[PDB]
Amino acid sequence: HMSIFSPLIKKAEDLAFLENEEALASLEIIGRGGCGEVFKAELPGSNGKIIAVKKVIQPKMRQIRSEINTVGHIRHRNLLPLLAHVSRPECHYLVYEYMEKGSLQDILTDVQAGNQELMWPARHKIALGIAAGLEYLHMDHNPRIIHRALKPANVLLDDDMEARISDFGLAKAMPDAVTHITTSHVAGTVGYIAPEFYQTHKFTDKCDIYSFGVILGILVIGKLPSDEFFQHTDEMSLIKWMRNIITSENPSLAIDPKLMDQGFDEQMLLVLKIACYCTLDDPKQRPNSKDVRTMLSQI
């Protein structure tokens, strides 16, 4: 079973090498995710167009095709357009356009090593991008879509440096909450799981607001939630450590020293505050995607 949502010319030219299991073994691996896997491949029919193939493993439910077909027909400037969905018997393949710039996670880890640099105006453009893509999913699409796995690795940068959200969360395809929490630890991505999910086992729109709030803090602090710096600190979490520095009398301490003297301190401090409201322990106290965008665009 195969469905296409984007002008890739022949349905057979893309199909042939994905059905061949031995064909993936020689493809380059761009994104390591354990169970989930992403490959790098050149589309044969196109004139040298590189694509990214996400491999998700399902653990007679056709609801996967129903939701993915909805995901495939979503078009937004800040959402990575799904190109094709291949459904094997016990596996699924998602086809995206390969972005040379990588993901937000890839860049931020490269900024730590100094192999890359990202200035605040770009981070501000990324935040506004994710905010625009979130509001469309939460309050503009005809069925309300919830991205249940929002993280900097699922925010890709195009050649215009606009954030694009990918690897959407599919309620039918996702594993049980207890396992999902377990692999979230090994992947170092627990920090994006809202506190309520531990008692609800259901992803809400406020869970997307929580994951977004962490990303806003990362863009200013420059450290990831899995950073061992936070495992030596007093609060033992990026969200709580950021919250106390906000209310401290020296809030600039949380700012990455790489964007200090650029004159964006006042702007970055306002982003930290919006990250606090998006990451409050009570989801009812958190803003929605519409108000989050308005606060980010007010600077």
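Residue positions are given as counts along the sequence shown, with the first one as 1.
According to the record, the deposited sequence contains 10 or more residues between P59 and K60 that were left without coordinates. Legend: mean Cα B-factor per stretch from the PDB entry, 13 to 21 versus 286 to 294; the higher mean is in 13 to 21. Remark: stretch with higher mean C-alpha B factor among 265 to 273 and 248 to 256 is 248 to 256. The top Cα temperature factor in the record, among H180, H201, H73, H124, falls on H73. Within the listed group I193, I146, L79, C91, the record reports its top CA B-factor for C91. In the deposited entry, the Cα temperature factor of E135 sits in the bottom third of values across the chain's modelled residues. Sort the modelled residues of the chain by CA B factor and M174 lands in the middle third. In the deposited entry, the Cα temperature factor of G114 sits in the top third of values across the chain's modelled residues. Per the deposited record, the Cα B-factor of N142 falls in the highest third when ranked against the other modelled residues of its chain. Compared with the other modelled residues of the chain, the Cα B-factor recorded for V86 ranks in the highest third.
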